[PDB]
Amino acid sequence: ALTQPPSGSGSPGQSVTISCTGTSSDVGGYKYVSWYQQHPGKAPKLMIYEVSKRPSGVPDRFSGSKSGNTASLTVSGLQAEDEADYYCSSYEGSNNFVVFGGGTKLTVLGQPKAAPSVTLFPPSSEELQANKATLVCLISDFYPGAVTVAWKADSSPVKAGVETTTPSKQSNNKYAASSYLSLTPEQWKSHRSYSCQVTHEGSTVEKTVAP
Amino acid sequence: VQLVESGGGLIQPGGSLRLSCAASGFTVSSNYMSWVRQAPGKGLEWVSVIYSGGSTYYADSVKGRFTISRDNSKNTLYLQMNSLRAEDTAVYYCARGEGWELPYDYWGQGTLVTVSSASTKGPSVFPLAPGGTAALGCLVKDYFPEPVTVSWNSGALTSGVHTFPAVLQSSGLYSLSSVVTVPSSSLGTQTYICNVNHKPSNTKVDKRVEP
């Protein structure tokens with residue numbers, strides 16, 4: 001096994017170093033350490049191979065080294081686009097056994113804060129006719145990625161029947177998430193309103209729908 | 001260099017699937033090629049390799065069950081996967097090289113393999129609707145497996161469209177939403193139809209959205 005810290009972070013223009021530890025049977029024993037950069041939804045990209053060599057097109061600010069049983073990847077002049085999951089790999093000396101470390105998620109600090117946009121939809125007529133009801137709360141364009149969603153019936157908190165996604169970055173490099181509240185048709189029709197409230201960096205947004 | 005994979009899908013445990021990797025810009029019959037897989041939310045795992053002269057190697061967890069091969073005249077690499085287990089669920093990548101002396105510079109786009117006895121279930125599509133502007137949408141409910149894609153007006157409407165990542169419900173089915181904001185004056189003047197494509201069930205659902 002190759003051991004990588006799960007997370008790393010640096011601010012723009014600075015340097016960061018990610019480590020990958022193994023044994024004399026792989027990192028310490030050969031010069032066959034590679035480093036891969038992976039963005040969500042994309043295949044990995046080769047950054048470094050044979051400990052310190054760079055493929056064509058890979059910028060000079062990525063550099064690889066190793067000392068003993070630990071290999072290191074250094075990114076200097078950090079840029080926002082360096083935000084990615086970085087995997088180290090090594091050959092183990094037998095039967096083409098190539099092992100990957102667990103990956104280190106590198107966050108680059110300093111992206112501007114951005115408040116969430118929220119759209120809330122009531123259940124459709126056709127869904128109510130199927131004896132079901134779903135409220136749909138869509139949350140987009142926020143940064144950083146941590147949000148808190150609270151559902152309310154009238155003014156009272158509702159925690160049962162809630163499913164909320166883990167926020168993920170969209171093409172605009174800001175986060176989106178959604179929350180779904182399942183109700184019976186009777187609950188929907190019998191309350192004055194339902195609300196979806198989103199809390200983010202000490203600020204709150206809320207939308208309300210009614211039958 | 002291009003590597004285009006196909007063949008993934010949902011298969012029951014104990015079943016078989018053959019993955020393909022179509023190559024151009026080099027000759028598969030004279031090169032090293034590997035398969036590498038990535039389980040949902042996890043890291044990379046090497047699977048298999050074929051050398052330029054035809055020698056093959058496998059990770060211990062797939063030996064005797066998986067077979068790597070190539071068709072010289074079709075310039076294509078294959079992975080035959082038999083006796084599949086839930087543990088084999090992953091995105092499978094083909095990559096040129098063997099991971100150490102020839103690192104993975106070129107990768108395929110990945111193909112999704114889901115190993116489960118759960119039924120394929122096509123989505124139920126419900127409208128999301130209310131001068132000014134109007135947010136219109138479609139709720140794509142209770143489908144399996146991934147993926148679903150959403151177009152609007154058979155792809156002619158793209159500006160302002162946002163399709164959200166799916167939520168995994170406790171039932172084990174997925175739901176997602178797609179939304180677009182339009183001038184309220186254009187409702188009843190123009191037609192908005194969401195096209196919900198679910199290739200795993202060979203079904204497309206076209207739902208007209210109108211208040």
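Only the coordinates and a few stated rules stand behind these numbers; no lab work does. Here the Cβ is made from the backbone with ideal geometry for all residues, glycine too, and neighbour counts use every protein chain on show.
Name the residue farthest towards the positive end of the dipole of the protein assembly as shown from the options B:140, A:172, B:4, assuming +1 on Cβ of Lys and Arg, -1 on Cβ of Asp and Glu, about the Cα centre.
The residue sitting most towards the positive pole is B:140.
For the range A:117-209, state the average projected area of the convex hull of the C-alpha atoms over all orientations, rounded to one decimal in nm².
So the mean shadow area of the Cα hull is 6.1 nm².
Give me the distance in nm between label points sitting 7 Å out from Cα along the Cα-to-Cβ direction at residue A:162 and residue A:9, one decimal.
2.5
Taking only C-alpha pairs under 8 Å that are 6+ residues apart, what is the relative contact order of the range B:2-115 in percent?
36
Give the residue from A:100, B:151, B:174 lying farthest towards the positive end of the charge dipole for the protein assembly as shown; charges sit on Cβ (+1 for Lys and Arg, -1 for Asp and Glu) and the dipole is referred to the Cα centre.
So the residue furthest toward the plus end is B:151.
Taking the Cα centre of the range B:124-208 as origin, sum charge times position over the Cβ atoms of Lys and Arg (+1) and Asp and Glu (-1), and report the length of that vector in debye to the nearest 20.
Approximately 120 debye in magnitude.
Under 25 °C and 0.890 mPa s, how fast does the range A:43-189 diffuse according to Stokes-Einstein, given a Kirkwood radius computed over C-alpha pairs? Answer in µm²/s, whole number.
Using the Kirkwood radius from Cα pairs, D works out to 125 µm²/s.
What number in nm² do you get for the range B:66-122 if you take the convex hull of its Cα atoms and divide its surface by four?
5.9
Mind listing P(r) for the range B:1-50? All alpha-carbon pairs, 5 Å bins, whole percents.
5, 14, 21, 26, 21, 9, 5, 0
Compute the whole-percent fraction of alpha carbon pairs in the range B:52-157 spaced more than 21 Å apart.
Above the 21 Å cut-off, the range B:52-157 has 59 percent of its Cα pairs.
Work out the charge dipole of chain B with +1 on the Cβ of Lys and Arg and -1 on the Cβ of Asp and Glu about the Cα centre, then indicate which of B:161, B:114, B:187 is farthest towards its positive end.
Going by the charge dipole, the pick is B:187.
Work out the mean other chain Cβ neighbour count within 10 Å for the residues of B:94-102 and drop it here as an integer.
Going residue by residue through B:94-102 and averaging, the value is 5.
What does the average come to when, for each residue of peptide A:36-44, you count the partner chain Cβ atoms lying within 10 Å of its Cβ?
Taking the mean over all residues of the peptide, I get 4.
Kindly give Rg over Rh for the range B:124-208, based on alpha-carbon atoms, with the Kirkwood expression for the hydrodynamic radius.
Here the Rg-to-Rh quotient is 0.99.
Using unit Cβ charges (K, R positive; D, E negative) and no other charged atoms, how large, in debye to the nearest 20, is the dipole of the range A:7-108 about its Cα centre?
120
How big is the antiparallel share of DSSP beta bridges in chain B, given as a percent to the nearest 5?
95
Please report Rg over Rh for the range B:2-115, where both radii come from the alpha carbon positions and Rh follows the Kirkwood definition.
Looking at the range B:2-115, the ratio lands at 0.93.
Could you give me the radius of gyration and the Dmax of chain B, taking only the C-alpha atoms into account and expressing both in angstrom?
Cα radius of gyration and Dmax of chain B are 21.2, 70 Å respectively.
If you split all Cα-Cα distances of the range A:7-108 into 10 Å bins from zero, what percentages do you get per bin, shortest first?
16, 50, 29, 5, 0
Tell me, what ³J(HN,Hα) does each residue in the range B:74-82 have, in order and in whole Hz, if you take phi through Karplus 6.51 cos²θ - 1.76 cosθ + 1.60 with θ = phi - 60° and put x for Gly and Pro?
Values, residue by residue: 8, 6, 9, 9, 10, 10, 8, 10, 10 Hz.
Specify the residue with the greatest mean-square fluctuation among A:80, A:153, A:176, computed from a Gaussian network of chain A linking alpha-carbon atoms under 10 Å apart.
Result for chain A, Cα springs under 10 Å: A:153 fluctuates most.
What residue among A:144, A:12, A:55 shows peak mean-square fluctuation when chain A is described by a Gaussian network model with Cα springs under 10 Å?
Looking only at A:144, A:12, A:55, the biggest GNM fluctuation is shown by A:55.
Out of A:184, A:21, A:70, any idea which swings most in a Gaussian network model of chain A, alpha carbons joined below 10 Å?
Among A:184, A:21, A:70, the largest mean-square fluctuation in the Gaussian network model of chain A belongs to A:184.
With viscosity set to 0.890 mPa s at 25 °C, what whole-number translational diffusion coefficient in µm²/s follows for the protein assembly as shown from Stokes-Einstein and a Kirkwood radius over Cα pairs?
Here the translational diffusion coefficient equals 102 µm²/s.
With charges set only on the Cβ (+1 for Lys and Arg, -1 for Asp and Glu), what does the dipole of the protein assembly as shown come to about its Cα centre, in debye to the nearest 20?
300
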